2 protein chains.
Amino acid sequence: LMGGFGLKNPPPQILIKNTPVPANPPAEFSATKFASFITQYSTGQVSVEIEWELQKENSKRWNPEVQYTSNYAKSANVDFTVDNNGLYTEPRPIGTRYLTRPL
Amino acid sequence: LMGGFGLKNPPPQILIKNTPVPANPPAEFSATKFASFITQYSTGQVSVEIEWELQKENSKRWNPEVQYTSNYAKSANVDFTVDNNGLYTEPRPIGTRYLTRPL
């Protein structure tokens, strides 16, 4: 209901976790698990590469279509770009229904 | 200077003419050529089929381009179409420079 592709078998969840590295244990053996670990975190890169399958239009419409254009004007800031101090701001929600197939 | 493709050897001129069919000549021979033909005209169809060669864009522009769109509004008449009594009216001159290559 939020839109999208209802998948029976969706892309699987990729779960990630830092392996717990403990701090120094005491010299006598203890039964209680651990109240002290080494504080750590990870970083790294991650690539996602989705191949899509397009449906090219087969229209015999005469007049021009309505297509998503940028606002051609002397603007203060370029839309869908960074700012004076680097904040990527998406200005408006873009749908996908711009072309016209007859019903 | 009006724009276009300066060709050394352009498409050749196709010239067409009704063959003159004369009216009735007099019984005695005359030297003067003809002051009377049969009034006629032709009609028919004509096909012109130009194959063009396109140059697909190779851009790495981020933000959207400015493209030729139709005016999306409740309009009185659809642009580049016929009218209430069939007059094809081109409303505006359309150029071709809408895309952006860096200099």
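Residues numbered from 1 in each chain as written, not as in the entry; some residues may be left out. Chains lettered and ligands numbered in written order. Part of a larger assembly, values for the part shown. Heavy atoms only, no water.

This entry, as listed in the PDB, derives from cryo-EM and reports a resolution of 3.30 Å.

Looking only at helices and strands, chain A features 0 helices and 0 strands. For 103 residues, the compact-globule estimate of 2.2 N^0.38 gives 13 Å, and chain A exceeds it by more than 25% at 26 Å. Here the C-alpha coordinates of chain A stretch approximately 85 × 45 × 25 Å along the principal axes. Within chain A, buried positions represent 3% of all 103 residues. In chain A, once contacts between residues fewer than 6 apart in sequence are set aside, the share between residues at least 24 apart is 27%. Split by element, the accessible area of chain A, about 11500 Å² in all, is 55% carbon and sulfur. Each charge class in chain A was averaged separately, 10 positive and 9 negative side chains, and the resulting centres sit 8 Å apart. (Helix = DSSP H or I, 4+ residues; strand = E, 2+ residues; numbered from the N terminus. Rg over C-alpha atoms; globule rule 2.2 N^0.38 Å. Buried < 20%, exposed > 50% of the residue type's maximum accessible area, 1.4 Å probe, protein only. Contact = heavy atoms within 4.5 Å. Areas by Shrake-Rupley, 256 points an atom, 1.4 Å probe, with all protein chains shown as cover. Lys, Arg positive; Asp, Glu negative; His and termini not counted. Charge placed at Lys NZ, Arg CZ, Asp CG, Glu CD.)

The next point concerns empty space enclosed by the protein. Applying the stated criterion across every chain, the model contains 1 cavity of 30 Å³ or more. Counted as a void, the largest cavity has a volume near 30 Å³. Grouping the constituent residues of the lining of the largest cavity by class yields 3 nonpolar, 2 polar and 2 charged. (1 Å grid on protein atoms, 1.4 Å probe; cavity = no way out; pocket = protein on both sides within 12 Å on 5 of 7 lines; lining within 4 Å. Points joined across faces, edges and corners; volume = space filled by probe spheres on them. Nonpolar A, V, L, I, M, F, W, Y, C, P; charged D, E, K, R; others polar.)

Contact with chain A, which involves 15 residues of that partner, is made by 15 residues of chain B. Together, the buried faces of chain A and chain B total about 1200 Å²; carbon and sulfur atoms form 62% of this surface. Our count for the contact surface shared by chain A and chain B stands at 2 residue pairs in polar contact. Broken down by class, the residue content of the side of chain A that touches chain B amounts to 8 nonpolar, 5 polar and 2 charged. (Buried area = accessible area lost by both parts, 1.4 Å probe. Polar contact = N/O pair within 3.5 Å; in protein donor to acceptor, adjacent residues only side chain to side chain.)

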